[PDB]
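Chains as they are written, first to last, in PDB author numbering: chain CU, 302 to 345, 348 to 369; chain LF, 101 to 249; chain LQ, 44 to 172.
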Amino acid sequence: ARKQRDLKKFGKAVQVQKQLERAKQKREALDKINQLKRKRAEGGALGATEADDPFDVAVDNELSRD
Amino acid sequence: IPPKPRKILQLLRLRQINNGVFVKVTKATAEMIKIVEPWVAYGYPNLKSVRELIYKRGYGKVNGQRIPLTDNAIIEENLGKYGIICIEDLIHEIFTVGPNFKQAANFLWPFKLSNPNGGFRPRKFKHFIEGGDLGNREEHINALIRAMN
Amino acid sequence: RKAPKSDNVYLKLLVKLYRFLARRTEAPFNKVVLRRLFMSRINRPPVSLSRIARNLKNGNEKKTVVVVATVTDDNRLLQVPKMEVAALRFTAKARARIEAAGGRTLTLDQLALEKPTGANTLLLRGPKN
RNA sequence: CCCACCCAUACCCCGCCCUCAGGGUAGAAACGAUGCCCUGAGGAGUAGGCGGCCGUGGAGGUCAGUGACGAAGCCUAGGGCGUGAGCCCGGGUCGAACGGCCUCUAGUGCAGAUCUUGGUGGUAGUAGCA
RNA sequence: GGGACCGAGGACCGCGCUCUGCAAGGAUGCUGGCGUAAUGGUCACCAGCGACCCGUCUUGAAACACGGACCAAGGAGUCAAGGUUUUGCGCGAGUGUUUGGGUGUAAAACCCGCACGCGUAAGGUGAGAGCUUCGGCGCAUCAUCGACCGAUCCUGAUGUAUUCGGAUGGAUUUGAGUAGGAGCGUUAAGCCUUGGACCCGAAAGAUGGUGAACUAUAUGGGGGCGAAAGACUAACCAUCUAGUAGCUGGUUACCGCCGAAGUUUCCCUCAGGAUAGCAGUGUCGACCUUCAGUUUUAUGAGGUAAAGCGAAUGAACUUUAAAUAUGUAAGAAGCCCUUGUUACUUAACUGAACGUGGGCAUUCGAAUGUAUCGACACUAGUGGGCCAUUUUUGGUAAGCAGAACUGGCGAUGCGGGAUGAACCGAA
RNA sequence: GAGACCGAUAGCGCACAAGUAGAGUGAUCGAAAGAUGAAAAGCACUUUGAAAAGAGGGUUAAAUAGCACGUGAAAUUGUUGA
Numbered sequence: 302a303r304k305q306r307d308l309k310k311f312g313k314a315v316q317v318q319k320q321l322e323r324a325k326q327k328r329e330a331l332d333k334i335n336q337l338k339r340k341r342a343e344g345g348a349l350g351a352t353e354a355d356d357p358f359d360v361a362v363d364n365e366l367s368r369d
Numbered sequence: 101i102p103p104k105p106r107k108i109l110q111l112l113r114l115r116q117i118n119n120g121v122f123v124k125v126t127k128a129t130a131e132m133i134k135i136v137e138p139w140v141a142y143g144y145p146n147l148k149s150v151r152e153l154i155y156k157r158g159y160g161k162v163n164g165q166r167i168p169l170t171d172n173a174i175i176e177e178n179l180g181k182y183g184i185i186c187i188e189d190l191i192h193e194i195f196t197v198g199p200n201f202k203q204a205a206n207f208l209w210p211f212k213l214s215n216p217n218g219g220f221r222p223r224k225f226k227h228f229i230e231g232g233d234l235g236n237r238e239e240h241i242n243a244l245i246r247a248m249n
Numbered sequence: 044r045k046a047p048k049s050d051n052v053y054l055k056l057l058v059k060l061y062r063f064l065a066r067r068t069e070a071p072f073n074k075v076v077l078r079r080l081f082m083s084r085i086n087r088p089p090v091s092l093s094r095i096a097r098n099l100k101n102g103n104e105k106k107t108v109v110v111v112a113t114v115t116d117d118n119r120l121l122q123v124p125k126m127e128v129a130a131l132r133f134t135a136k137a138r139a140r141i142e143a144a145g146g147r148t149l150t151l152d153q154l155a156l157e158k159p160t161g162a163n164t165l166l167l168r169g170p171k172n
């Protein structure tokens with residue numbers, strides 16, 4: 302009952318914060334793609352296909368390799 | 101009106117439209133009047149303005165009552181301990197800002213003026229320096245007092 | 044208060060008398076007495092012979108103890124001293140004990156007659172708490 | 001850009017009402033003192049709070065009250081008082097009781113409740129009377 | 001010089017002046033017509049301007065919905081018991097006759113025995129209303145230090161029945177404590193609970209009666225278990241019942257004064273409570289004592305803009321420093337300095353706390369306002385939001401969404417914007 | 001025997017030929033409705049009209065009390081006046 306009362310009182314702020322957090326996550330996703338393309342335009348060093356690991360660990364690995 | 105200008109109006113005793121009050125120039129009150137810039141019209145009165153404001157619309161606060169200044173006697177009981185014993189002394193102390201200007205102005209009830217004879221200006225709610233009526237009209241408040249008496 | 048709450052006609056006479064006294068005299072004693080007659084009964088708690096005795100134990104002898112209240116007898120006080128007591132009303136036992144000790148009973152109108160400005164008066168009120 | 005002019009319950013002067021606040025009023029030629037006089041200020045208002053008044057049935061006291069030479073009730077393109085709820089008078093009808101004042105008492109105040117009862121409208125001299 | 005509106009009061013007093021008097025604390029003098037429907041007032045109509053149909057309900061507001069054919073009479077917070085607050089009255093450490101008895105002019109009134117109900121069987125410092133012989137006395141009550149008692153944890157005295165007790169000193173303890181009684185009875189008003197409980201209205205259940213309805217044949221009537229034999233478990237009438245709702249509708253003269261909230265926190269998941277706030281009543285202490293949505297001064301958080309680099313160095317540079325809002329403090333409710341104590345502490349009379357002395361009572365330590373402020377107790381209605389400015393976070397093609405402040409609406413009439421919840425002026 | 005009770009929409013459902021009229025197969029349900037005048041003295045007689053009734057006349061203090069009867073409001077209606 303205590304927990305559900307807290308949820309009822311703070312319900313809408315949770316929705317607003319979730320929406321802002323998802324927009325934020327979209328923002329760093331696009332930003333990471335931006336430095337990806339900047340690095341590939343500047344230079345680089349790939350194979351025939353491209354890394355089969357997920358597109359996240361892949362981008363961190365390549366921007367750590369430089 | 102925001103609360104800050106509301107308090108300033110309450111502390112300057114201007115509580116009705118067309119209620120005028122004498123003030124001495126000093127940085128604190130200059131800042132107060134600058135805060136109430138969008139609600140008042142202020143200037144420097146001359147001897148004629150002070151004299152006629154005291155003689156025609158001069159009411160004193162005698163024991164918390166608005167008593168017309170009809171007698172040098174009542175002027176003397178209310179302001180005798182300051183040396184002000186007549187209407188001429190009151191006018192001198194107000195115009196030539198003397199040591200006891202605070203007491204003299206506090207004794208003087210805020211002068212309840214009428215609407216000016218001849219109108220304000222076509223657009224009276226902007227600053228006097230852009231052709232309005234609000235703000236600091238330096239020596240033109242004498243003309244405004246002529247119109248408002 | 045402009046009108047007394049009580050319907051006692053003699054209390055109205057008293058409040059009129061002390062209104063005149065407070066208006067035409069400089070007496071804070073008279074003003075306080077008028078206010079105490081105006082205030083209601085719960086705000087006028089009783090004063091006992093023990094209270095007045097312990098208040099006159101000091102050099103306040105040969106004086107008029109004045110209470111705007113009812114003076115009540117205290118069984119715990121074995122000896123009642125001489126004292127000039129003025130009050131609204133006395134109990135039968137307090138009246139008898141004061142008169143047997145040698146004091147005199149005074150009403151407020153009498154108190155006004157002998158001492159209009161309350162000279163040599165010690166003014167008491169009862170325990171409010 | 002300049003001049004004059006129009007008007008809000010707004011602002012200024014005056015009158016009046018109410019409220020609040022501040023003063024005065026006894027060796028009484030003295031006062032609905034719950035009264036009177038002076039001065040100043042204020043005045044929108046839902047829920048709510050407080051106070052004073054108006055009205056109805058009955059009770060005690062009083063007006064040595066009113067009344068068949070006309071009580072009460074009712075009607076009035078007749079008047080007077082009160083801000084108001086209301087109160088008083090004139091004219092017509094009517095016939096047998098009624099009222100003011102201080103207290104007491106309560107089955108005491110209506111436009112609503114698809115309110116209850118009763119009476120009466122438009123629909124309408126209409127649908128209709130096979 | 002011309003015009004307009006007004007004439008409040010009713011012997012004298014007063015301020016004065018130009019003083020045989022006067023425009024000096026509020027209008028007098030002269031004259032005319034009429035002396036009655038002439039003034040004035042009420043009804044009917046016309047004219048100019050103004051003007052949505054009332055109540056209920058919901059919502060931030062409308063709109064919708066609901067009730068309204070008309071009139072007369074009736075028509076809805078009452079009574080009892082038990083609590084509680086305040087006001088009046090009586091008696092008062094007591095109070096209450098009315099169970100009953102005794103009179104009686106007979107349900108009245110008057111009187112009273114024994115019980116019974118409820119209550120009852122010590123200070124100092126600083127203040128403080130009030131007296132004062134002006135030397136001081138000092139009610140109630142408050143802050144602190146006190147003294148004692150019921151209770152708790154100890155400390156452990158003569159002794160004692162050899163196992164019985166609490167005296168002294170104590171404790172960051174507790175009382176709805178003592179600390180020189182306030183209660184009882186009753187009147188009036190208010191609130192709470194229970195009764196029909198402001199009035200009207202839900203489906204149900206039960207007790208006792210009256211009747212009929214079935215191509216089912218005087219009779220048989222439901223269900224499941226079991227091989228059976230068998231064990232188990234409708235309708236109308238009156239009454240209980242004025243049954244039970246938080247839901248709907250309604251809830252009856254006038255005027256005057258004072259007048260809101262739509263919110264914080266906590267508890268609990270409900271047809272919500274508590275605390276605070278707004279409003280009001282009573283009591284206590286002061287006198288603009290003192291306070292204040294405000295400026296100024298001093299000091300923080302923004303070095304944000306700007307000037308220079310013929311100052312150094314290089315928004316991240318600086319001598320300086322914008323605009324813009326914003327927190328704290330501004331005196332006797334004070335600072336220090338000085339030395340007496342302490343169980344604290346220090347190598348130490350050494351520091352800290354508790355006190356003494358001093359210093360300024362007059363500008364006592366900025367301005368301006370001040371239609372008083374603070375404390376305690378009790379009481380009623382409130383717990384919704386909508387729009388907009390500015391600042392700010394995010395996003396879309398554009399929309400738009402979320403916070404903070406302030407402002408309009410509620411409960412607010414009036415002038416203007418032709419019209420009109422959100423506009424302008426002004427209450 | 002009384003009442004700070006109610007006073008014909010009140011007070012018992014019933015102040016009256018009221019548990020009556022009436023409704024229901026039945027158990028049962030269950031009303032409305034008082035007032036001339038002191039005294040009927042309750043309108044002789046004439047005329048019109050088939051009658052009902054009307055117009056004269058009459059009783060009475062009053063018929064502006066006619067057994068559609070004390071007083072006689074509102075809604076609603078007719079005539080006349082504006």
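Built from N, CA and C at the ideal position, the CB exists for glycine as well.
- Query: Do you know whose CA, among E230/LF, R223/LF, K226/LF and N215/LF, lies nearest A243/LF's CA?
  - Reply: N215/LF
- Task: Report yes or no: do three or more beta-carbon pairs, one from the segment 129-139 of chain LQ and one from the segment 109-116 of chain LQ, lie closer than 8 Å?
- Result: yes
- Query: Is it true that the CB of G143/LF sits closer than 8 Å to the CB of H240/LF?
  - Reply: yes
- Message: On the DSSP bridge list, what partners appear for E188/LF?
- Response: In the DSSP assignment, no residue is bridged to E188/LF.
- Message: Measuring straight from C-alpha to C-alpha, what distance separates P138/LF and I174/LF?
- Response: 37 Å
- Message: What does DSSP give as the partner residue(s) for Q165/LF in the beta ladder?
- Response: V162/LF
- Task: If I'm right that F207/LF touches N249/LF with Cβ under 8 Å, what's the distance once you round it to whole angstroms?
- Result: The pair is not a contact, with the Cβ atoms about 21 Å apart (cut-off 8 Å).
- Apply the 10 Å Cβ neighbour rule to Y53/LQ and answer buried if 16 or more other Cβ atoms are within range, or exposed otherwise. exposed
- Query: Is the segment 147-158 of chain LF in contact with the segment 184-202 of chain LF, if contact means three or more CB pairs nearer than 8 Å?
  - Reply: The segment 147-158 of chain LF vs the segment 184-202 of chain LF: in contact.
- Query: With a CB to CB cut of under 7 Å and the five nearest residues on each side skipped, what residues in its chain are close to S93/LQ?
  - Reply: Hits under 7 Å: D117, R119 and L120.
- Query: With C-beta atoms as the reference, is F81/LQ less than 8 Å away from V58/LQ?
  - Reply: yes
- If we count the other Cβ atoms within 10 Å of its Cβ and call it buried at 16 or more, is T126/LF buried or exposed? exposed
- What does a CB cutoff of less than 8 Å around residue 371/CU pick up in its chain, not counting 5 residues either side in sequence? The shown model of chain CU, from 302 to 369, leaves out residue 371/CU, and the question about it has no answer.
- May I have the straight-line CA-CA distance separating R106/LF from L131/LQ, to the nearest angstrom? When rounded, the distance between both Cα atoms is 54 Å.
- Three or more beta-carbon pairs under 8 Å between the segment 99-106 of chain LQ and the segment 61-75 of chain LQ, yes or no? no
- Under the three-state reduction of DSSP, which class applies to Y144/LF: helix, strand or coil? Look at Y144/LF here: in three-state DSSP terms it is coil, with no helix or strand label.
- Query: On the three-state DSSP scale, how would you describe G232/LF?
  - Reply: It is coil, neither helix nor strand.
- Would you mind sorting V128/LQ into buried or exposed? The rule is 16 or more other CB atoms within 10 Å of its CB. buried
- Tell me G219/LF's beta-bridge partners as DSSP assigns them. Here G219/LF is not bridged, per DSSP, to any residue.
- Item | Supposed close pair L169/LF, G160/LF - CB separation, criterion 8 Å | 5 Å
- Query: Which whole runs of the beta strand (DSSP E) in the segment 102-163 of chain LQ are 3 residues long or more, in chain order?
  - Reply: 107-115, 127-133 and 147-149
- Do you know how far the Cα of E69/LQ is from the Cα of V123/LF? Those two C-alpha atoms are separated by around 41 Å.
- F63/LQ to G219/LF span [Cα, whole Å]: Straight-line Cα distance between these residues: approximately 58 Å.
- Message: Here's the rule: buried if 16 or more other CB atoms are within 10 angstroms of the residue's CB, otherwise exposed. What is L234/LF?
- Response: buried
- Would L167/LQ pass as a contact of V90/LQ if the rule is Cβ separation under 8 Å? yes
- Query: Looking at C-alpha atoms only, which residue of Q305/CU, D369/CU, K333/CU and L308/CU is the closest neighbour of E343/CU?
  - Reply: If we check each option's Cα against that of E343/CU, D369/CU comes out closest.
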